[PDB]
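Accompanying notes for the structure given below.
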């Protein structure tokens, strides 16, 4: 996509040499923002083929709130395997915070239900927020959330969403991160009888791994194709009742997939 | 400032009609970002005179962690009076979350100390964050934090900071919000033997009150003046030991102050 390739070129042009936790080098900038008007089309990178099978399953899994990988494994989705203990547990990552944020007085707060009813009843609200950044829970999480916080907004019958991503692997992570939140906006808008607005992406440490440079140069040589279209085949009775088969992408005509590795 | 006036013009040009909680109308956009290189100068709006007395005191107060207004009242700082109960209490707003975030297992987490030692010991970290968005505490707060979350970053000997502001009164609030976080970056950088980098400002619902339109038109007719310079007159032994008298702004040559009202 235009905004995505522009981001990539910026990191290349202006990124500073910066290592990660493992000592793996990157080029890095701090602070960036992009906006995707969801009525333009579904914001799935076209300059390489991006599979959403794992993304759809992960989102349904987040929404279900159980942080054991069993459901992912049921579906041969392996993207959390690296972090899971011998019982398939991750600690209180994403879904737990979304559906059951623990409080000092022993309650568990369902932020997704909170937001849904806020959007229905008080759409002007400036405090329609879901946070995964539960400070007292960070140590027990397999890792700290990269998608830390998101805020919704309603104007002119349209649902918008802004995501704060503290750390962004531009090559490997970002195409998927955009798709995941774009999907969630569509689902929430459907459930609230709203049209889709903008997905606003905001990054903290926004970086290209040095060992993704070959791939970055290749992808930059490619022209974006028309955005595809998201089809929700059925209207479920709630945000928690979506199924994998409910989602179809039409008119996706990507350039070929591009593999990129990780260090250990 | 250039970035600030550009923001104001954007809200004017592209903002949609949007009411607040009281029913007071605004023009609103969702999602914006600005970057202030702090080595350029201290980012205090020059197109109207902006007093920092209250801002400095409020920041020291945040850092002290006690959410009773007594210290503010000691100094005739009245900016929290509207929210405080008959005992001067606000509930677990800003300072409490910064210095003593309560956990389910009965601990209180000092996020400011956490960040300071992270900056000193692991400056590459992509998870150097302070959050005020404590979901289980929102109801007891006099109001939900507008400055929800901030992240720090270190590259090339320079400390940067990004603030996520869920709700922004562009006229009345924003000049002060920028100054407050800009000051904090200077203080933290001093304590970590770092230079100052960028202050990256990110907004959610970013709005101009309709009854600030006269003022907005006036301020837009004015040319920004050279940025002033922040002087820290003394190096305290820690981030918690700053005093009001430690701070001086030099070379501030603003256009005249512009009053703007609030509805009730």
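For the range B:93-109, the set of residues classified as within 10 Å of another protein chain (Cβ to nearest Cβ) and in contact (Cβ under 8 Å) with a residue 40 or more places away in the chain consists of B:97 only.
Total residues in the range B:136-153 satisfying the condition of being over 25 Å from residue A:28 (Cα atoms) and facing chain A (nearest Cβ under 7 Å): the figure is 2.
Taking the condition outside any strand (DSSP E or B) and closer than 20 Å to residue B:114 by Cβ, does residue A:118 pass? Spelling it out, it is not the case that residue A:118 is outside any strand (DSSP E or B) and closer than 20 Å to residue B:114 by Cβ.
One line per residue, one yes/no per condition, for (1) more than 14 Å from chain A (Cβ to nearest Cβ); (2) under 21 Å from residue B:24 (Cβ atoms):
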| site | (1), (2) |
| --- | --- |
| B:175 | yes, yes |
| B:191 | yes, no |
| B:200 | no, no |
| B:215 | yes, yes |
| B:219 | yes, yes |
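Restricting to the range B:57-87, name every residue that is crowded, with 16+ Cβ neighbours inside 10 Å and not in a loop (DSSP other than H, G, I, E, B). Within the range B:57-87, B:57, B:58, B:59, B:60, B:61, B:62, B:63, B:71, B:72 qualify. Within the range B:121-135, restricting attention to residues that are assigned to a loop (DSSP other than H, G, I, E, B), more than 8 Å from every other protein chain (Cβ to nearest Cβ) and in contact (Cβ under 8 Å) with a residue 24 or more places away in the chain, the residue that is nearest to residue B:79 (Cα to Cα) is B:132. Set side by side, the residues A:243, A:234, A:222 differ, and just one is in contact (Cβ under 8 Å) with a residue 40 or more places away in the chain and over 21 Å from the mean Cα position of the chain (by Cα), which is A:222.
Rule-based calculations on the coordinates, nothing more; no lab input. All Cβ positions, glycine included, derive from the backbone under ideal geometry; neighbour counts span all protein chains shown.
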